[PDB]
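Okay, here we've got a single chain as C-alpha cells, the form deposited in one PDB entry, with questions on binding and movement later.
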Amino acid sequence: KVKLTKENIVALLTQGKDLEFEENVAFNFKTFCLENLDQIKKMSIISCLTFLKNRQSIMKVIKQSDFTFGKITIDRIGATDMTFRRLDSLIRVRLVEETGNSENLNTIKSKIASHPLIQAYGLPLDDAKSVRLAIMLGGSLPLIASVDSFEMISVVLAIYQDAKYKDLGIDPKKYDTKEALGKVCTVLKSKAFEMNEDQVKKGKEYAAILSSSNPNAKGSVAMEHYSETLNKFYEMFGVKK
C-alpha cells in the first residue's frame, strides 16, 4: 500500500510490480478566510461587485499567464496558496459582511440587480438575506461552506441548483451539480456540523427566496404576448391551452 500520488500512477502502469493505494494533510478554508479576509477588506465594496459581475471575464484573462496582483500571484495547491476560486470566495464572504451596514447594502442590492447571473435566476432583491444569496450565486460552494454561519446558505443553494439546474440553464457536463452538493456535505462533516431546527429554519428562509425566483423571464413575456395566437394553435393540436 502506497500513498496515491502522481509519480506512483506512472509506475503503476509501467511496472509489473503489485501496487495499492492507501486512500483513507488537511486544508481549512475558514482558517484561510480568517487570514486573507483582512487583506480583501482593503478592497472597495464596489471593486468587489465588479469582480462578481466579470467573474468569468476576469477569469479568462488571469488564466492567460501567471497572474500577479500585489504580493500574491495565482499543480497541487498549498493550504496558504491563493486560488481563483479562493479569491472569488473571499470576496463573496467579505461582501456578505457588508450587508449588515445599510449604506453599503443599498449600493450592493442596486448594483447587484445588474449581474448576468442575477435576473437569470430572477431572484427577488428585497431584504439583506435576498442580497446575500445574490452574492452567493456562482461561488465555490465547497469552499464557502466551511466558513461559520455559511453552512446552511451553502448547502441550501447547492440543492436548489441541483434541483432546478435545467431551469437555471446549468449544463450538468460543464457543472456537476450533484458533486457540488456531495462536496458540501463532506466539508460539513469535517467540522462536525449538525443541522438543528434553528439552522434548518434559517435555511428555509433562504429556500423561500429561491422558490420565488423566476429563472426564465423573457421567454415568458413573449409567449404571453402572442398567447392569443399561440393558444389557437395549441387547440388544433392535442390538448387545449
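Residue positions are given as counts along the sequence shown, with the first one as 1.
Undergrad: Should the segment between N24 and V25 be described as having none, 1 to 3, 4 to 9, or 10 or more unmodelled residues of the deposited sequence?
TA: Gap between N24 and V25: 1 to 3 unmodelled residues.
Undergrad: Please count the deposited residues lying between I74 and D75 that the model leaves without coordinates, and give the class: none, 1 to 3, 4 to 9, or 10 or more.
TA: Gap size class: 4 to 9 residues without coordinates, per the record.
Undergrad: If you average the Cα B factors in the entry, which is higher, 213-221 or 9-17?
TA: Per the PDB record, 9-17.
Undergrad: Using only C-alpha atoms and the B-factors in the entry, which stretch averages higher, 167-175 or 146-154?
TA: The stretch with the larger mean CA B-factor is 146-154.
Undergrad: For the chain shown, is the CA B-factor of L125 in the lowest, middle or highest third of its modelled residues?
TA: Highest third of the chain for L125's C-alpha B-factor.
Undergrad: Among the modelled residues of this chain, does the Cα B factor of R55 put it in the lowest, middle or highest third?
TA: Lowest third.
Undergrad: Considering every modelled residue of the chain and its Cα B-factor in the PDB entry, is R94 in the lowest, middle or highest third?
TA: Tercile = middle for this residue's CA B-factor.
Undergrad: Consider only the C-alpha atoms of the modelled residues in this chain, order them by B-factor as the entry records it, and name the third containing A180: lowest, middle or highest.
TA: Bottom third by C-alpha B-factor.
Undergrad: Name the third of the chain's ranked CA B-factors that contains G78, choosing lowest, middle or highest.
TA: Answer is middle: the recorded C-alpha B-factor places it there.
A second form of this protein, the form deposited in another entry, is not displayed here; the remarks below concern that form.
Undergrad: Look at the CA atoms of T80 and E7: state whether they lie closer or farther apart in the other entry than in this form, given a difference of 3 Å or more.
TA: Pair moves farther apart in the other entry.
Undergrad: So the C-alpha spacing of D167 and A217 changes by 3 Å or more in the other entry; is that change toward closer or farther than shown?
TA: Closer, not farther.
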